[PDB]
C-alpha cells in the first residue's frame, strides 16, 4: 500500500530535538499560537506545503549555474521551453510566486461588474478577482461542501450551475471560469479529466475563457492516473498536458508542485493578452525576462517541474499523505475525507466536542500537538476566519480544522508516525484538551500574531 521513498537523502537539515517540558515553554512564549513559534524550535513543520520542498542534487547543480542577466538569461530560456513542452501554452511570463501571476491575470481579464465562477476559492486568487471588480460565484458540486463525504473527484464543477450562471447573467458578463486543481478548501480534492473536458466544451460554445489555478496540478494528475478509468496506460506528463489543453491559460505557484522554495508563472495562448501582460509585469514583478526571480530560481523551477512528472515521485508524494490519513482514521480520529493530495485536516470540532467554537478548539488542538510531539500545524478555523468588523462577532466557519500540511520530499513515514501517534494519544484523552481565550487580539490578520491563554 505504501511505497518507499523513490530517492535517497543527499543532505539533511539539523534539528534541536528539544523535549516536552522545553516545548511547553516555547508554546507559552508563543502565546499558544503556532504561527508565533520559531522555526529553530520545531522538529516537524507542517504549517504549510508552500515553498518548503526539498530540492534535488540536479536542482542544486542548477542553482550554481544562475545566469543573472536582466534579459536573455539561459535560465529564462530553459523555464520557457520546459513550460511550453509540459503545459502546452504558447506564452509564459515568470512571476515571483503564484499570487503575482494572479495579480496580472485579474487586471488583464476582468471588466468591473463581470462574474468569475470557480470550484470554490483561494484567498489571494479571489482577492485579486474582486479587487478588479469581479463578483465571485461558487460553482463546485454540492458534495464538496460536505466535509465527511467520501467520494472521488470531489473538486469537480457542477455543470448545471455553470449553465444557470450563463442563463441568468449572460455569457458576455462572465469574465472567466477559474478552475482550480486540486481544490484546496475542500481538503485538496482532485478534478476529473471528464470534468475539465465538459467545462471546456460548454464555455467554448459561449465564447467564455477558462483559466486554471494550477498550483497542485501534478497531485491532481496522479489522482486521474490512479482513479479515472481510461488513464491507466497514460504517463503523468501525458495527463498534465491534456489537462491544460482544456484551458486558455493558468496561474502557477512553483512553490507547490514545481518542487522549489520560490517561483511562479502566468501562461496564456492569446497574443494580445501576452503583450498586455508584459507591460504590467514590469510594474509589479520585473522585466518579462525574469519576473521577480533570480536566474538560478528560474533554473531550479524548470528542473523541478520536470522532476515532478516522474510517476514514482508523485505516487509516493500522495501515498505518504494518505498513510498519515489512514493511520488517523484507523484510530477513529475525525478528519476531512477523502484525504487530499497535500494535507490531512483534523476536524477539531469533533475532536473536542467538550469545547464550544468560542473556546477555539482548532487553535488549542494545534497547541497540544506541538507540545506533545514537536510538530507544528496550522489553525484553519474560527480564529483564521476573523471578526465581523460591523457586528464585532466572530465569523463562525462551518469548518473548524487543524491542517497537517506536508512539504514535498522533506519527511519520512517515521515522521508521519511521530505526528499520527501523538494525535492518537491526544485523542484517547481528548477531554483533557483545554479551551483558549484571547489575551491579545489584532484588528486584522489576527491568526498571524494573536496571543491566548487557557480558560
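Residue numbers count along the first chain shown, from 1.
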Determine, for stretches 60 to 68 and 393 to 401, which one has the higher mean CA B-factor as deposited. 393 to 401
Tell me which stretch has the larger mean Cα B-factor in this entry, 228 to 236 or 319 to 327. 228 to 236
From the list 205, 191, 243, 333, select the residue with the highest C-alpha B factor recorded in the entry. 205
Which one of 307, 299, 167, 102 shows the biggest C-alpha B-factor in the PDB entry? 167
Taking only the Cα B-factors deposited for this chain, tell me whether residue 446 sits in the lowest, middle or highest third. highest
Considering every modelled residue of the chain and its Cα B-factor in the PDB entry, is residue 156 in the lowest, middle or highest third? middle
Among modelled residues of the same chain, the CA temperature factor third for residue 276: highest
Binned into thirds over the chain's modelled residues, the C-alpha B-factor of residue 353 lands in the highest
Relative to the other modelled residues in the chain, which third contains the C-alpha temperature factor of residue 80: lowest, middle or highest? lowest
